[PDB]
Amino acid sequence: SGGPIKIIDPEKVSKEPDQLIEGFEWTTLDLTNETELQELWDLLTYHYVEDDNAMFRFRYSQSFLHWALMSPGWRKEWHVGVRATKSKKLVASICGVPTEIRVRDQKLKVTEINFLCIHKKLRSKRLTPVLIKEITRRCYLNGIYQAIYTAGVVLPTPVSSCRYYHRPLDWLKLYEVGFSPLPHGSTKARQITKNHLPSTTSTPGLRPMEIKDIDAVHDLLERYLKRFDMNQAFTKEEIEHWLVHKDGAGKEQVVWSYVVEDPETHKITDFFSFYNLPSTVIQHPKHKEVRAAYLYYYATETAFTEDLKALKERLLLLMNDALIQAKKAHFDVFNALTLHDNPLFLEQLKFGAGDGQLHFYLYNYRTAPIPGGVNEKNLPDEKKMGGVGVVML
C-alpha cells in the first residue's frame, strides 16, 4: 500500500528557499498581472516541450492558464519562478494547485504540479529536483506533504506510464499539417470514410452539464474515481471549477461537459468532459492551429455492475457521442490517454496510437507501481486498467 517517505514537521521546515546556482534567483509569479502572465506564457510556448525538433507546440491562452492555475484554494505563492539575476528574465517555472488524491485507499493532500518548465539554456543545470524541492517546501509550510507531477520522459521511477491516443475529427486538416500520416496504399477518401462520425448523438438523455448537476456529478464521479489505485478527489467547488464552463466577457470556453439524465428515473447515470488545448503548426500555408480536445473526467453507473461487456458497450456509446460533440464544436482531433477505462474503447472508436507517453510521479510518497492501461508492448489492454484515475494537464 505504501506511505510517506518522510514525515515532516512543519515547524522544522526552512522558512527561506534554497540558494540557487550562481546567477539566478527565486520569484513568486503574480499571474493576475498580464505582464507576468505573458512572461510565463512565453516561457511555456518555447521551452516547455522537451524535444528540440518539435515542429508543433502548444498554444496557451489566458483562459486556459486561469483555468489550470486558479482553481479553488490557489495561492500566488505556489506559482514559482526562477529569474536570471542580471536580466530578470524568467527562465524556469513550477506551478501547483492544492487538492486531494487517493493512493491505494489512503487520502493525501497534494500539490498537483502542472507547468514545470526549464529554459533550454538551463537544462544542463538539472533544475527539476530544485524546483520540486522549493514548491514542496512552500507546501510543507501549509500542511501539504506530498505532490504529484508528470513528464514525457522516464526519470527515476514513474508510479505509472500511459500512452497517448489520437482520434482524427477533421482528418484532411490533420493530413495537410503533417499531423496525420496517409497509410500505405490508402487514399484521402479512405481515411475520411474511416473517421466519419454521425451528425447526431445516440445516448438517450444526454445533454450539457449545468449547475444543478454539480451535486449529482460530484457523487457519481467520486464513486467512479474511487475504483482506481491512484485517483483524484473532488470537492463540489472543484467539480464546478474544473467541469462547468462559465460564460463571461473576454472569456473563452476551455472545458465541455455533458450528463446523461436517465429518461425514466431522471437520475444522472453518466457524464463525460473534455478540454481544449490547441497545438500551433510551426508554419503552414493554409492552417495555423490544430484545435485539439483532450478527454478529461467521465463516469458511468454501468461501471458498478462489474461486467466488462456492459461497460464496454456503454463507453462505446458515450464516447462516440463525445467525439460527435467535439466535432460539432469544431475540434480537429480528440486526444486521450490509456488511463481510466479508456482501453475499453480507444481502438474500436478509431483512436490511433501516438508516440507520446505520459509518466506519473509522486513526491514524498512510496507505493507499488500502478498499471497504466497498457501491456508490455505498450498496447491498450483491459487487464491493465483500474490504476490511473487522475487526468493531469
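One-based numbering along the sequence shown.
- Stretches compared: 337-345, 29-37. Higher mean C-alpha B-factor in the entry: 29-37.
- When the two stretches 383-391 and 4-12 are set side by side, the higher mean Cα temperature factor goes to 4-12.
- If you compare the C-alpha temperature factors of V153, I132, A293, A92 in the entry, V153 comes out highest.
- Take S71, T136, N320, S124 and read off each C-alpha B-factor from the entry; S124 has the highest.
- In the PDB entry, a CA B factor belonging to the highest third of its chain's modelled residues is recorded for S202.
- For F115, the recorded CA B-factor ranks within the middle third of the chain. Only modelled residues enter the ranking.
- Ranked by Cα temperature factor within the chain, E301 sits in the middle third according to the deposited record.
- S161: CA B factor lies in the lowest third for its chain, per the PDB record.
- Per the PDB record, residue ranking by Cα B-factor puts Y365 in the middle third of the chain.
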